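A lone chain, given as structure tokens: the form solved without ligand ACO.
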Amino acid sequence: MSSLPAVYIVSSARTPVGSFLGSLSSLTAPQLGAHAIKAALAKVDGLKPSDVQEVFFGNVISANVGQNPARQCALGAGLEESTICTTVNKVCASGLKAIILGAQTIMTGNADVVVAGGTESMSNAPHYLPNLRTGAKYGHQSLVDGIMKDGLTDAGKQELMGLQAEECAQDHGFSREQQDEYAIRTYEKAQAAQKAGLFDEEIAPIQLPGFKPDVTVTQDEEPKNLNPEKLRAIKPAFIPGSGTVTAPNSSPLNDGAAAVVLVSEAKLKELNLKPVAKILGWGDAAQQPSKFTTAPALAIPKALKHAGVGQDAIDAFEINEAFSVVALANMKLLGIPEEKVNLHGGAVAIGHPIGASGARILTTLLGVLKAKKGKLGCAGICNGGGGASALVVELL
């Protein structure tokens, strides 16, 4: 990875993360993505939106978004019609795999300026009617919830990912109480970062014009919802009685987008750009689909080896909190202390727009490294179907 051309991150930006049918539910996935792309580019002194050559953008539940969500994000952000645009689906890892592909396109010399990231509007995922073309002569028919079908259900076993999270808790010995106390801790971290202004730089607030007064959405919607007594008292979500996974200690359904701007070494010099960070390496891994929860335990070492960096040298990790048990299990398998993980809180408290989260956690990681005066960061995100993606950055 050192024998390959350098890839610099010159900026990043994210929408606030809205709740399901909540503050951003009126916006489509390309509207969210355009907002993030435009806000990331506005931060780069000396780089124009017309300089962007290629876009990779993650998006999972693309039904009814229209042709090529990434293209719609790029044009909506004001990029040139000459821009090459590709939508990426690696379920929950989409937004990070998009960034990997953008880096590679710089490395093979086919671009010098790339925007990559991801977007998801789970609020605007439709329902499906699958048999209208051939007809169904007689009998009740099903309207398929696109979130469940294309976002949250493992294709092999037809099992919701929350059921496989329960499998993870049983496999690795994590109780209801260990998961709940993790969830409270990560909500408290997200609230603390919010209150301290530590998301202000990375978030681009959204202005919703009134149809009626305008509305400005500035903060992530979920963190303020923590109620520790109710969190500890709620019923399980997937297994009655003996269940350990709950709605409060799991990720929610959410709307949001995030974007990074990548440039080659040559373009960084030509335009005299100030780099925020360097991409040191990455790794994808996969295992049995129902064990997707611990695929980051393969991807993270793979990315660290690609980067030539030891695990102990990392100053901060972003382990995406698909569920509280996912963070607990990868911390246990890798031997990573929680005091190095999701220092501004994670998806259980912040939200999980699935096509965007892989880029969202990288944006947040750069903020964590700056706030905590760190240098080396690693983001790792599991995905439905058994996979995970991971990436190592150096703050400059």
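Sequential numbering from 1, following the sequence displayed.
What follows is about the form deposited with ligand ACO bound, which we do not show.
Chemist: Can you say which of 98-106, 76-84, 201-209, 229-237 gets within 4.5 Å of ligand ACO in the deposited complex, counting heavy atoms only?
Modeler: It is 229-237 that comes within 4.5 Å of the partner.
Chemist: Check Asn225, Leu253 and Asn383: does every one of them have a heavy atom within 4.5 Å of ligand ACO in the deposited complex?
Modeler: Spot residues vs ligand ACO: full contact, yes.
Chemist: Using the partner position in the deposited complex, report whether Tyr187 sits within 4.5 Å of ligand ACO, counting heavy atoms only.
Modeler: It does: once ligand ACO is placed as it appears in the deposited complex, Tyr187 has a heavy atom within 4.5 Å of it.
Chemist: Test of understanding: in the deposited complex, would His35 fall inside 4.5 Å of ligand ACO by heavy atoms?
Modeler: The answer is no: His35 has no heavy atom within 4.5 Å of ligand ACO.
Chemist: Residue-level question: is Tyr182 within 4.5 Å of ligand ACO in the deposited complex, judged on heavy atoms?
Modeler: Flag for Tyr182 set to no.
Chemist: So, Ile354 and ligand ACO: in the deposited complex, are they within 4.5 Å at any heavy atom pair?
Modeler: Taking the distances in the deposited complex, the answer for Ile354 is yes, it comes within 4.5 Å of ligand ACO.
Chemist: Could you spot which one of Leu152, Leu271, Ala286, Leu280 gets a heavy atom to within 4.5 Å of ligand ACO in the deposited complex?
Modeler: Only one option qualifies, and that one is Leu152.
Chemist: Here the chain is shown alone; which of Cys168, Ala322, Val88, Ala297 has a heavy atom within 4.5 Å of ligand ACO in the deposited complex?
Modeler: If I apply the 4.5 Å criterion carefully, the residue I get is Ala322.
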